[PDB]
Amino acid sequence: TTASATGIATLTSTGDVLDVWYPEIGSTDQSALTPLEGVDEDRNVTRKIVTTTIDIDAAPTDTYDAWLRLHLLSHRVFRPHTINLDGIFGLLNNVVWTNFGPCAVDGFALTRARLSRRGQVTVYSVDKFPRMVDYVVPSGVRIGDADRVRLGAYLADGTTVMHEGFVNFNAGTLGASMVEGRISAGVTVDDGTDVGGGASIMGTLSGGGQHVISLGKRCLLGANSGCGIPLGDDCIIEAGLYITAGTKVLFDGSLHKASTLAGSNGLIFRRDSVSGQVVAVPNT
């Protein structure tokens, strides 16, 4: 699908793209942005209006195109998995995200020294993905510590991300959800889901499919729980319990790999003291 927008890019003297801000999508209005164009000699960058047009099904081909992809997600124009992001890591620069804006990692010590004549320099982050909220604040959301939501995160109207929640790029919520735990890249949860405090969805060593996971509607993951399998609607994972793809769970009298229960609806995963096993039992 064709998509396009007008934004303002921050460029180094090499022409490396540190960032592009697209305040809105599909718009032509350049002169909202003209008074931001210019040179910043302390940072050695220039800011320059650009117009970018892409095909969402093609892999991104340069840095401008990568940035527009992430804005399309966080503006909620497109959902996770409807935009091709292949190769995006090779298109984004590592940047020093400061109170004065993006700065190049090369020669930051000189930049810091020059900027310090204007004020205290604070570094928020050093990464290829900036903090979502500094580019897009989507409507109807709360974010308690906005360090923890990357540009490219999709947060549906009605979502709260608590301070210990985290939402990566190409990930997030498809309806109103309470996110107190960690949503890895590619993962989505649906309406009325509560990801409890410190819970992990698709974390390190949770799975071994060639393929990413999601949760359905009204799933409840307990605090400090984890989930490495796709779940359907109305599933519950007990506080403190990590269900990995390879966890053996007792369901109908025998042990089964949790991956065999992928996509189930209405299951409660919990520890069971009488059997000594993780059990999967029907939710009612």
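Residues carry their position along the shown sequence, with the first being 1.
- When the C-alpha B-factors of 193-201 and 88-96 are averaged, 88-96 comes out higher.
- Averaged over their C-alpha atoms, the temperature factors of 272-280 and 7-15 are higher for 7-15.
- Per the PDB entry, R114 shows the highest C-alpha temperature factor of the residues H75, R131, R114, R142.
- The entry lists C-alpha B-factors for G253, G232, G228, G240, and the highest of these is at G253.
- When all modelled residues of the chain are sorted by CA temperature factor, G222 is found within the lowest third.
- Per the PDB record, residue ranking by Cα B-factor puts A109 in the highest third of the chain.
- Among all modelled residues in its chain, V212 ranks in the highest third by Cα B-factor.
- Among all modelled residues in this chain, the alpha-carbon of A245 has a temperature factor (C-alpha) in the lowest third.
- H81: CA B factor in the middle third of modelled residues in this chain (values from the PDB entry).
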